[PDB]
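In: Pasting an experimental structure with its sequence.
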Number of protein chains: 2
Amino acid sequence: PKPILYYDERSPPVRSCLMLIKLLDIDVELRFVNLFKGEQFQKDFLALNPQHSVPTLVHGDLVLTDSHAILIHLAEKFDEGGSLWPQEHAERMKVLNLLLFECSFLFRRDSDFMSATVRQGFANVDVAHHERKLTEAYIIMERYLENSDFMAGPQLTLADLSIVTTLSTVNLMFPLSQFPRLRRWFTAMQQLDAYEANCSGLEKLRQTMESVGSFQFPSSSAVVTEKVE
Amino acid sequence: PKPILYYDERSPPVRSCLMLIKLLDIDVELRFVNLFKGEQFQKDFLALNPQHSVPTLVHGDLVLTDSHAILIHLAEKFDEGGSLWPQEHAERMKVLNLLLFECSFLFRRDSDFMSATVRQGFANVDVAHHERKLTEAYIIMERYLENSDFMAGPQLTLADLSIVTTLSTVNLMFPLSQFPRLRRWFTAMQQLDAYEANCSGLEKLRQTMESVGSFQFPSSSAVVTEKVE
Ligand SMILES: N[C@@H](CCC(=O)N[C@@H](CS)C(=O)NCC(=O)O)C(=O)O
Ligand SMILES: N[C@@H](CCC(=O)N[C@@H](CS)C(=O)NCC(=O)O)C(=O)O
């Protein structure tokens, strides 16, 4: 049976999966779990995914509860022999290493800042603390791009899809004026037709955060190319 | 050339890699990076791994900066066709999904609690908050063990090696009296000869945390079997 994706498009890891689904033209079923209404605690969803997180994928008897596993699974089943999840071991391990940087470092710090803002209100967040932590992630990604125009090498991989959604989300708040390779990479990712799958949920997240957090993101921070405007 | 592991054995993800290296009898080189003295910021290590984290593995030109990538890489190179990282796609995706639970959920919450304790002192930590967050991880792992005696099924996998080190670390602080399947699994993991590679660094972490945090872990919390005593 075809895969079922449980999602809230405001979530960056969800958007990474939506981008892969569009890029590979995968036929999936969709289920909307509204995180800002606590629907991830609904008894059937919680029994499915005890971590109460999106994205979640059901594919026959296989239940995946992490975007990075979903990206790998979908690439292996719907892009066998492709370049997004390369067959060469060293190349594949570099993509895996970068998926784990997204999970462990970039998303962790984005999520800490955004979660604090929803729970406490923007006025009660240590914004300078979060600016340092997220700028530190920008420094790292600028270094990852020193010798290549994509995160894992000269070609688009799953790592770019995982990172770009969270990067777009961080960049609602923190500008890309001092990270030229990162800004150029983001600009290039915005020209991909698959990037259209990031746009609705990024904008919904922007509006939801400004409402629930009682603030406005700095209008100058977000990088918005002509194609996406 | 043989792999080089950069490590501090106090780190649970480091200990997962030490356990795999012992289990598979892998010949690696070792480099000690003392995290409690800031040696992860030494210029050569920071150039190698901009995330300033252990474990880091150098294997020829391949540089891995995440325990979960290291576990997968080492299983693929030193246990090809084995059961720790199974070849069957659905089984492999279940192990991957659990490695990502360790990264995203269990380690995130352990690290938040332990990092707060080092930075602020135990007296300045919201222990009840961290107890709730880590008990929630215990609830999830008890559910993962409802139908199997290892985390991903009836056999030891990389998921057990990744999870047991962080679980042992959480359980210095929070008891396993209300999580019987999880306690039984931990007791079983302690009987594996590879578990000996967890013991020195768990004890060093216990002593370092009590010194730097100015507290004592509850002596009753840790589960310590006869083999490990
Ligand atoms: N490592 C996970 C992170 C998933 C995650 O934390 N998603 C958030 C939204 S960005 C979520 O579902 N939050 C709801 C909750 O934790 O209750 C992945 O990559 O899928
Ligand atoms: N997701 C990473 C986590 C690595 C990590 O954060 N390790 C800690 C020790 S438990 C570290 O090196 N901390 C030093 C620092 O962040 O400066 C992995 O699995 O390797």
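Out: Yep, it's here. Numbering: from 1, shown residues only, chains lettered A, B, ... in the order given. Ligands and ions are numbered 1, 2, ... in the order given.

In: neighbours of the residue lying closest to residue A:178 once chain neighbours are set aside, just the number please.
Out: Distances taken as CB to CB, 6 or more residues apart in numbering or on different chains put residue A:138 closest to residue A:178, at 7.7 Å, once the chain neighbours are dropped. The way it works is simple: take the backbone N, C-alpha and C, and place the C-beta from them, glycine included. By the measure other CB atoms under 10 Å in any protein chain shown, the count of residues near residue A:138 is 20.

In: Residue A:51 too?
Out: The number of residues near residue A:51, taken as other CB under 10 Å, comes to 18.

In: Could you pull up the contacting residues of it?
Out: Neighbouring residues of residue A:51 by CB atoms under 8 Å, 6 or more residues apart in numbering or on different chains: A:65, B:101, B:104-105, B:140.

In: Likewise for residue A:61?
Out: residue B:90.

In: so how far is residue B:90 from it?
Out: 7 Å (CB to CB, to the nearest Å).

In: cool, residue A:137 as well?
Out: As for residue A:137, its distance to residue B:90 is 33 Å (criterion: CB to CB).

In: of these two, who's got more company?
Out: Relative neighbour count places residue A:137 above the other of residue A:137 and residue B:90, with 25 against 12, counting by other CB under 10 Å.

In: helix or strand for that one, which one?
Out: helix A:127-144 (DSSP states H and E).

In: Touching that helix from outside, list them.
Out: A:98, A:101, A:105-106, A:109-110, A:112-113, A:116, A:151, A:163, A:167, A:170, A:173-174, A:176, A:178-182, A:185, B:50-51.

In: State the next helix or strand along the chain beyond it.
Out: By DSSP H and E, the next helix or strand past helix A:127-144 is helix A:158-170.

In: And the furthest pair within the contacts of residue A:51?
Out: The two members of these with the most space between them (CB to CB) are B:104 and B:140, at 11.3 Å.

In: before we move on, back to that, can you list the buried residues in the helix holding residue A:137?
Out: Buried residues in helix A:127-144, counted by 16 or more other CB atoms under 10 Å in any protein chain shown: A:130, A:133-135, A:137-138, A:140-142, A:144.

In: still on that earlier bit, turn the contacts of residue A:51 into JSON lines, columns for distance to ligand 1 and secondary structure.
Out: Shown next, in JSON lines, are those (distance: CB to the nearest ligand atom, whole Å; DSSP: H, G, I helix; E, B strand; the rest coil):
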{"residue": "A:65", "distance to ligand 1": "7", "secondary structure": "coil"}
{"residue": "B:101", "distance to ligand 1": "8", "secondary structure": "helix"}
{"residue": "B:104", "distance to ligand 1": "3", "secondary structure": "helix"}
{"residue": "B:105", "distance to ligand 1": "8", "secondary structure": "helix"}
{"residue": "B:140", "distance to ligand 1": "12", "secondary structure": "helix"}
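
In: Show me which of those is closest to ligand 2.
Out: Nearest to ligand 2 out of the contacts of residue A:51 is residue B:104 (CB to the nearest ligand atom; 9.1 Å).

In: Give me the nearest residue to the closest one, chain neighbours excluded.
Out: Of all residues not flanking residue B:104 in the chain, residue A:103 sits nearest, at 5.6 Å (CB to CB, 6+ apart).

In: Residues of chain A that sit close to ligand 1?
Out: Within reach of ligand 1 by CB under 6 Å from any ligand atom, chain A has these residues: A:11-13, A:35, A:40, A:52-55, A:66-68, A:103.

In: May I ask which of the residues you listed has the most neighbours?
Out: Comparing the residues of chain A next to ligand 1 on neighbour count, residue A:67 comes out first with 32 neighbours (neighbours: other CB under 10 Å).

In: Do I have it right that that residue meets residue A:13?
Out: Yes. Counting by CB atoms under 8 Å, residue A:13 is a contact partner of residue A:67 at 3.3 Å.

In: Identify the contacts common to those two.
Out: Common contact partners of residue A:67 and residue A:13 (CB under 8 Å, 6+ apart): A:55, A:162.

In: For residue A:194, the count of nearby residues, please.
Out: Using other CB under 10 Å, the number of residues around residue A:194 comes to 18.

In: does the closest residue in space to it that isn't next to it in sequence belong to a helix or a strand, and which?
Out: Among residues not flanking residue A:194 along the chain, residue A:23 sits closest, at 4.0 Å (CB to CB, 6+ apart). Element membership of residue A:23 [criterion: DSSP H and E] is helix A:12-24.
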